[PDB]
file target29.cif (mmCIF, C-alpha atoms; chains and numbers go by the auth columns)
data_work
loop_
_atom_site.group_PDB
_atom_site.id
_atom_site.type_symbol
_atom_site.label_atom_id
_atom_site.label_comp_id
_atom_site.label_asym_id
_atom_site.label_seq_id
_atom_site.Cartn_x
_atom_site.Cartn_y
_atom_site.Cartn_z
_atom_site.B_iso_or_equiv
_atom_site.auth_seq_id
_atom_site.auth_asym_id
ATOM 1 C CA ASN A 1 22.850 -25.410 28.987 0.00 44 A
ATOM 2 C CA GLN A 2 20.090 -28.126 29.078 0.00 45 A
ATOM 3 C CA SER A 3 17.651 -25.415 27.781 0.00 46 A
ATOM 4 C CA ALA A 4 19.492 -25.525 24.391 0.00 47 A
ATOM 5 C CA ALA A 5 19.611 -29.369 24.555 0.00 48 A
ATOM 6 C CA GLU A 6 15.833 -29.713 25.242 0.00 49 A
ATOM 7 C CA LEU A 7 15.310 -27.204 22.380 0.00 50 A
ATOM 8 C CA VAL A 8 17.322 -29.327 19.866 0.00 51 A
ATOM 9 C CA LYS A 9 15.375 -32.410 21.131 0.00 52 A
ATOM 10 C CA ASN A 10 11.966 -30.621 20.801 0.00 53 A
ATOM 11 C CA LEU A 11 12.888 -29.299 17.283 0.00 54 A
ATOM 12 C CA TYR A 12 13.985 -32.796 16.090 0.00 55 A
ATOM 13 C CA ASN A 13 10.712 -34.280 17.508 0.00 56 A
ATOM 14 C CA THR A 14 8.206 -31.859 15.875 0.00 57 A
ATOM 15 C CA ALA A 15 10.203 -31.804 12.576 0.00 58 A
ATOM 16 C CA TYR A 16 8.720 -35.331 11.856 0.00 59 A
ATOM 17 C CA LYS A 17 5.196 -33.629 11.752 0.00 60 A
ATOM 18 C CA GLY A 18 6.516 -30.910 9.374 0.00 61 A
ATOM 19 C CA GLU A 19 6.052 -28.301 12.115 0.00 62 A
ATOM 20 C CA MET A 20 8.133 -26.335 14.548 0.00 63 A
ATOM 21 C CA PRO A 21 7.255 -26.128 18.290 0.00 64 A
ATOM 22 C CA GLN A 22 5.849 -23.467 20.675 0.00 65 A
ATOM 23 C CA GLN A 23 4.415 -20.373 18.846 0.00 66 A
ATOM 24 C CA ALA A 24 4.687 -22.070 15.403 0.00 67 A
ATOM 25 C CA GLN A 25 2.676 -25.101 16.636 0.00 68 A
ATOM 26 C CA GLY A 26 0.121 -26.476 14.131 0.00 69 A
ATOM 27 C CA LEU A 27 1.582 -24.635 11.121 0.00 70 A
ATOM 28 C CA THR A 28 2.413 -27.549 8.769 0.00 71 A
ATOM 29 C CA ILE A 29 4.751 -27.503 5.731 0.00 72 A
ATOM 30 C CA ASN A 30 2.777 -27.952 2.405 0.00 73 A
ATOM 31 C CA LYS A 31 -0.533 -27.882 4.400 0.00 74 A
ATOM 32 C CA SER A 32 -0.899 -24.619 6.411 0.00 75 A
ATOM 33 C CA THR A 33 -1.155 -21.348 4.423 0.00 76 A
ATOM 34 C CA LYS A 34 0.216 -17.721 4.451 0.00 77 A
ATOM 35 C CA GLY A 35 -3.261 -16.871 5.835 0.00 78 A
ATOM 36 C CA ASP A 36 -2.831 -19.289 8.796 0.00 79 A
ATOM 37 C CA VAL A 37 0.652 -17.837 9.551 0.00 80 A
ATOM 38 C CA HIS A 38 -0.801 -14.298 9.567 0.00 81 A
ATOM 39 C CA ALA A 39 -3.746 -15.517 11.680 0.00 82 A
ATOM 40 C CA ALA A 40 -1.275 -16.942 14.252 0.00 83 A
ATOM 41 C CA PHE A 41 1.527 -14.305 14.222 0.00 84 A
ATOM 42 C CA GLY A 42 -0.134 -11.154 12.867 0.00 85 A
ATOM 43 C CA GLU A 43 1.533 -9.017 10.180 0.00 86 A
ATOM 44 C CA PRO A 44 5.263 -9.564 9.628 0.00 87 A
ATOM 45 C CA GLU A 45 7.973 -7.132 10.854 0.00 88 A
ATOM 46 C CA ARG A 46 9.263 -7.603 7.253 0.00 89 A
ATOM 47 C CA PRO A 47 6.913 -9.340 4.737 0.00 90 A
ATOM 48 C CA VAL A 48 7.523 -11.213 1.427 0.00 91 A
ATOM 49 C CA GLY A 49 8.632 -8.667 -1.197 0.00 92 A
ATOM 50 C CA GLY A 50 11.747 -7.927 -3.240 0.00 93 A
ATOM 51 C CA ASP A 51 14.787 -10.161 -2.553 0.00 94 A
ATOM 52 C CA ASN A 52 12.886 -11.393 0.570 0.00 95 A
ATOM 53 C CA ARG A 53 10.857 -14.592 0.111 0.00 96 A
ATOM 54 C CA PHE A 54 10.065 -14.923 3.894 0.00 97 A
ATOM 55 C CA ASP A 55 7.339 -13.439 6.057 0.00 98 A
ATOM 56 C CA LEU A 56 9.672 -12.355 8.866 0.00 99 A
ATOM 57 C CA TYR A 57 8.677 -12.115 12.546 0.00 100 A
ATOM 58 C CA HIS A 58 11.262 -10.495 14.771 0.00 101 A
ATOM 59 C CA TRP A 59 12.197 -11.995 18.145 0.00 102 A
ATOM 60 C CA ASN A 60 10.381 -10.275 21.042 0.00 103 A
ATOM 61 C CA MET A 61 11.580 -10.871 24.661 0.00 104 A
ATOM 62 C CA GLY A 62 11.636 -14.690 25.191 0.00 105 A
ATOM 63 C CA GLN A 63 9.477 -15.156 22.041 0.00 106 A
ATOM 64 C CA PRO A 64 11.762 -16.276 19.141 0.00 107 A
ATOM 65 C CA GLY A 65 11.999 -14.969 15.582 0.00 108 A
ATOM 66 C CA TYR A 66 10.462 -16.878 12.654 0.00 109 A
ATOM 67 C CA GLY A 67 10.431 -16.827 8.899 0.00 110 A
ATOM 68 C CA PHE A 68 7.881 -18.457 6.603 0.00 111 A
ATOM 69 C CA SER A 69 8.298 -18.957 2.853 0.00 112 A
ATOM 70 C CA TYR A 70 5.414 -20.288 0.702 0.00 113 A
ATOM 71 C CA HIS A 71 4.805 -22.348 -2.489 0.00 114 A
ATOM 72 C CA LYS A 72 2.857 -20.858 -5.461 0.00 115 A
ATOM 73 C CA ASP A 73 -0.391 -22.418 -3.935 0.00 116 A
ATOM 74 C CA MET A 74 0.330 -20.303 -0.722 0.00 117 A
ATOM 75 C CA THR A 75 1.112 -23.319 1.558 0.00 118 A
ATOM 76 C CA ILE A 76 4.259 -23.170 3.754 0.00 119 A
ATOM 77 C CA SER A 77 7.417 -24.257 1.839 0.00 120 A
ATOM 78 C CA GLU A 78 9.922 -23.571 4.692 0.00 121 A
ATOM 79 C CA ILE A 79 9.992 -22.550 8.360 0.00 122 A
ATOM 80 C CA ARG A 80 13.004 -20.651 9.715 0.00 123 A
ATOM 81 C CA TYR A 81 13.593 -20.481 13.534 0.00 124 A
ATOM 82 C CA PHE A 82 15.890 -17.553 14.533 0.00 125 A
ATOM 83 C CA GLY A 83 16.017 -18.009 18.322 0.00 126 A
ATOM 84 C CA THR A 84 15.804 -14.930 20.605 0.00 127 A
ATOM 85 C CA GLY A 85 17.996 -11.820 21.051 0.00 128 A
ATOM 86 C CA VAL A 86 17.719 -11.667 24.864 0.00 129 A
ATOM 87 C CA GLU A 87 19.233 -14.609 26.851 0.00 130 A
ATOM 88 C CA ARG A 88 20.144 -16.288 23.494 0.00 131 A
ATOM 89 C CA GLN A 89 22.439 -18.778 25.383 0.00 132 A
ATOM 90 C CA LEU A 90 19.158 -20.497 26.493 0.00 133 A
ATOM 91 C CA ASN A 91 18.356 -21.254 22.803 0.00 134 A
ATOM 92 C CA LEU A 92 20.366 -21.035 19.462 0.00 135 A
ATOM 93 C CA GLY A 93 23.271 -19.285 21.250 0.00 136 A
ATOM 94 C CA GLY A 94 23.813 -22.587 23.080 0.00 137 A
ATOM 95 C CA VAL A 95 23.204 -24.772 19.988 0.00 138 A
ATOM 96 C CA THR A 96 26.671 -25.970 18.918 0.00 139 A
ATOM 97 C CA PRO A 97 27.625 -28.753 16.381 0.00 140 A
ATOM 98 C CA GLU A 98 28.669 -30.810 19.475 0.00 141 A
ATOM 99 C CA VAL A 99 25.310 -30.473 21.351 0.00 142 A
ATOM 100 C CA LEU A 100 23.789 -31.693 18.018 0.00 143 A
ATOM 101 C CA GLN A 101 26.032 -34.779 18.351 0.00 144 A
ATOM 102 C CA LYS A 102 25.258 -35.291 22.148 0.00 145 A
ATOM 103 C CA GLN A 103 21.517 -34.949 21.501 0.00 146 A
ATOM 104 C CA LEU A 104 20.760 -36.223 17.955 0.00 147 A
ATOM 105 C CA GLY A 105 23.778 -38.458 17.353 0.00 148 A
ATOM 106 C CA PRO A 106 25.585 -38.190 13.985 0.00 149 A
ATOM 107 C CA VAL A 107 24.501 -35.660 11.347 0.00 150 A
ATOM 108 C CA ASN A 108 23.033 -36.982 8.036 0.00 151 A
ATOM 109 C CA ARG A 109 24.645 -34.244 5.822 0.00 152 A
ATOM 110 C CA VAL A 110 26.907 -31.236 6.022 0.00 153 A
ATOM 111 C CA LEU A 111 26.045 -28.707 3.245 0.00 154 A
ATOM 112 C CA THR A 112 27.286 -25.337 1.963 0.00 155 A
ATOM 113 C CA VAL A 113 25.042 -22.204 2.221 0.00 156 A
ATOM 114 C CA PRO A 114 24.778 -20.056 -1.006 0.00 157 A
ATOM 115 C CA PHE A 115 25.864 -16.359 -0.696 0.00 158 A
ATOM 116 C CA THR A 116 27.155 -16.864 3.001 0.00 159 A
ATOM 117 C CA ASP A 117 30.006 -18.337 5.165 0.00 160 A
ATOM 118 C CA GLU A 118 27.573 -20.583 7.173 0.00 161 A
ATOM 119 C CA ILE A 119 27.608 -24.390 7.449 0.00 162 A
ATOM 120 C CA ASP A 120 24.378 -26.380 7.521 0.00 163 A
ATOM 121 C CA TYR A 121 24.151 -29.576 9.672 0.00 164 A
ATOM 122 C CA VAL A 122 21.187 -31.543 8.172 0.00 165 A
ATOM 123 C CA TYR A 123 19.150 -34.113 10.191 0.00 166 A
ATOM 124 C CA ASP A 124 16.568 -36.215 8.271 0.00 167 A
ATOM 125 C CA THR A 125 13.145 -36.285 10.042 0.00 168 A
ATOM 126 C CA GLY A 126 10.794 -38.602 8.121 0.00 169 A
ATOM 127 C CA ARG A 127 9.267 -36.688 5.189 0.00 170 A
ATOM 128 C CA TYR A 128 11.090 -33.495 6.329 0.00 171 A
ATOM 129 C CA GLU A 129 14.624 -32.260 7.154 0.00 172 A
ATOM 130 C CA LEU A 130 16.018 -29.949 9.854 0.00 173 A
ATOM 131 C CA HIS A 131 18.773 -27.664 8.668 0.00 174 A
ATOM 132 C CA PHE A 132 20.837 -26.336 11.606 0.00 175 A
ATOM 133 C CA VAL A 133 22.695 -23.360 10.034 0.00 176 A
ATOM 134 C CA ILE A 134 25.846 -22.694 12.176 0.00 177 A
ATOM 135 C CA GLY A 135 27.800 -19.432 11.780 0.00 178 A
ATOM 136 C CA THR A 136 31.553 -18.579 11.882 0.00 179 A
ATOM 137 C CA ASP A 137 31.467 -19.058 15.694 0.00 180 A
ATOM 138 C CA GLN A 138 30.197 -22.514 16.588 0.00 181 A
ATOM 139 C CA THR A 139 26.612 -21.223 17.372 0.00 182 A
ATOM 140 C CA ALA A 140 23.378 -21.665 15.320 0.00 183 A
ATOM 141 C CA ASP A 141 22.076 -18.605 13.403 0.00 184 A
ATOM 142 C CA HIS A 142 18.766 -20.204 12.357 0.00 185 A
ATOM 143 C CA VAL A 143 17.201 -23.679 12.052 0.00 186 A
ATOM 144 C CA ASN A 144 15.265 -24.455 8.827 0.00 187 A
ATOM 145 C CA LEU A 145 12.460 -26.971 8.312 0.00 188 A
ATOM 146 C CA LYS A 146 11.399 -28.136 4.836 0.00 189 A
ATOM 147 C CA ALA A 147 10.129 -31.243 2.997 0.00 190 A
ATOM 148 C CA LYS A 148 12.733 -33.780 1.784 0.00 191 A
#

call {"tool": "encode", "arguments": {"input": "target29.cif", "output": "structure tokens"}}
result
Amino acid sequence: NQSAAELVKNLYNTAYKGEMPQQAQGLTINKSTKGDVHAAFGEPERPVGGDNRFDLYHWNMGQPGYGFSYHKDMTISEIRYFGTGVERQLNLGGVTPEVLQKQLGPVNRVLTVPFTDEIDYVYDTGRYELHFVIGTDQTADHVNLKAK
């Protein structure tokens, strides 16, 4: 499951830039805007509105799902990586709290998630932090990137 390992490694790496890899490349926390996100990804499959504070982009084939929340000034406040639906084992489906240990060493923090039964393994990445949100089964549901 080296695909999931290389993923965790690539996520940890780009997190120091305040970006996520692949399709989300060059969209920087507190720097890139809602406008840049829309320019890159098109219109969301579920946009900001109501109890939803994320521009949501559904996973499509091998292309993963993403969520973008913004500050008042319209710059990115958080990036949420959802993995894919098809062959999920190759990404977040294969991301366990143990592969996080084998790849990134010990975790900085373990935090509670409000309104859910998930556990968040936090890795500090310079000015930013990577929140690996693991579900009831030992697999990742989504990975969050935000400023420290």

call {"tool": "resolve_selection", "arguments": {"input": "target29.cif", "expression": "the PyMOL selection byres ((chain A and resi 106-119) around 7)", "output": "number ranges by chain"}}
result
A: 71-77, 96-105, 120-127

call {"tool": "axis_aligned_box", "arguments": {"input": "target29.cif", "around": "range 131-150 of chain A", "padding_each_side": "5 Å", "output": "lines of an AutoDock Vina configuration file"}}
result
center_x = 23.5
center_y = -27.4
center_z = 18.9
size_x = 20.3
size_y = 32.2
size_z = 25.1

call {"tool": "resolve_selection", "arguments": {"input": "target29.cif", "expression": "the PyMOL selection byres ((chain A and resi 149-162) around 6)", "output": "PDB file with C-alpha atoms, keeping the file's coordinate frame"}}
result
ATOM      1  CA  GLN A 144      26.032 -34.779  18.351  1.00  0.00           C
ATOM      2  CA  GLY A 148      23.778 -38.458  17.353  1.00  0.00           C
ATOM      3  CA  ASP A 163      24.378 -26.380   7.521  1.00  0.00           C
ATOM      4  CA  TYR A 164      24.151 -29.576   9.672  1.00  0.00           C
ATOM      5  CA  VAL A 165      21.187 -31.543   8.172  1.00  0.00           C
ATOM      6  CA  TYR A 166      19.150 -34.113  10.191  1.00  0.00           C
ATOM      7  CA  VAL A 176      22.695 -23.360  10.034  1.00  0.00           C
ATOM      8  CA  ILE A 177      25.846 -22.694  12.176  1.00  0.00           C
ATOM      9  CA  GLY A 178      27.800 -19.432  11.780  1.00  0.00           C
TER      10      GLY A 178
END

call {"tool": "atom_distance", "arguments": {"input": "target29.cif", "atom1": "CA of residue 55 in chain A", "atom2": "CA of residue 85 in chain A"}}
result
26.0 Å

call {"tool": "atom_distance", "arguments": {"input": "target29.cif", "atom1": "CA of residue 89 in chain A", "atom2": "CA of residue 59 in chain A"}}
result
28.1 Å

call {"tool": "closest_residue", "arguments": {"input": "target29.cif", "among": "A:142, A:82, A:129, A:50", "to": "residue 186 in chain A", "atoms": "only C-alpha atoms"}}
result
A:50

call {"tool": "closest_residue", "arguments": {"input": "target29.cif", "among": "A:70, A:171, A:139, A:187", "to": "residue 48 in chain A", "atoms": "all atoms listed in the file"}}
result
A:139

call {"tool": "atom_distance", "arguments": {"input": "target29.cif", "atom1": "CA of residue 146 in chain A", "atom2": "CA of residue 45 in chain A"}}
result
10.3 Å

call {"tool": "closest_residue", "arguments": {"input": "target29.cif", "among": "A:147, A:134, A:174, A:183", "to": "residue 56 in chain A", "atoms": "all atoms listed in the file"}}
result
A:147

call {"tool": "build_atoms", "arguments": {"input": "target29.cif", "residues": "range 71-83 of chain A", "atoms": "N, CA, C and O atoms", "output": "short mmCIF file (atom, residue, chain, number, x, y, z; two decimals), in the coordinates of the input"}}
result
data_model
loop_
_atom_site.label_atom_id
_atom_site.label_comp_id
_atom_site.auth_asym_id
_atom_site.auth_seq_id
_atom_site.Cartn_x
_atom_site.Cartn_y
_atom_site.Cartn_z
N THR A 71 1.80 -26.43 9.48
CA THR A 71 2.41 -27.55 8.77
C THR A 71 2.91 -27.21 7.36
O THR A 71 2.16 -26.67 6.53
N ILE A 72 4.15 -27.63 7.06
CA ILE A 72 4.75 -27.50 5.73
C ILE A 72 3.83 -28.19 4.70
O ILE A 72 3.29 -29.25 4.99
N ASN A 73 3.58 -27.51 3.56
CA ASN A 73 2.78 -27.95 2.40
C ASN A 73 1.28 -28.14 2.75
O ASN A 73 0.53 -28.66 1.92
N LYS A 74 0.85 -27.71 3.95
CA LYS A 74 -0.53 -27.88 4.40
C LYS A 74 -1.10 -26.55 4.92
O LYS A 74 -2.13 -26.11 4.43
N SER A 75 -0.43 -25.90 5.89
CA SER A 75 -0.90 -24.62 6.41
C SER A 75 -0.54 -23.53 5.40
O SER A 75 0.43 -23.68 4.65
N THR A 76 -1.32 -22.44 5.39
CA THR A 76 -1.16 -21.35 4.42
C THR A 76 -0.49 -20.10 4.99
O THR A 76 -0.26 -20.04 6.20
N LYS A 77 -0.26 -19.07 4.12
CA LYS A 77 0.22 -17.72 4.45
C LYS A 77 -0.82 -17.08 5.39
O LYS A 77 -0.46 -16.46 6.39
N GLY A 78 -2.10 -17.32 5.08
CA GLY A 78 -3.26 -16.87 5.84
C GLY A 78 -3.26 -17.39 7.26
O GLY A 78 -3.58 -16.64 8.17
N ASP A 79 -2.90 -18.68 7.46
CA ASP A 79 -2.83 -19.29 8.80
C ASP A 79 -1.68 -18.68 9.60
O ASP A 79 -1.80 -18.50 10.80
N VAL A 80 -0.55 -18.43 8.94
CA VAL A 80 0.65 -17.84 9.55
C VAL A 80 0.29 -16.44 10.08
O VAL A 80 0.58 -16.10 11.23
N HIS A 81 -0.37 -15.64 9.24
CA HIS A 81 -0.80 -14.30 9.57
C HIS A 81 -1.85 -14.32 10.66
O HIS A 81 -1.83 -13.46 11.54
N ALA A 82 -2.74 -15.32 10.64
CA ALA A 82 -3.75 -15.52 11.68
C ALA A 82 -3.05 -15.77 13.04
O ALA A 82 -3.42 -15.15 14.03
N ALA A 83 -2.01 -16.59 13.05
CA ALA A 83 -1.27 -16.94 14.25
C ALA A 83 -0.34 -15.84 14.76
O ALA A 83 -0.35 -15.57 15.95
#
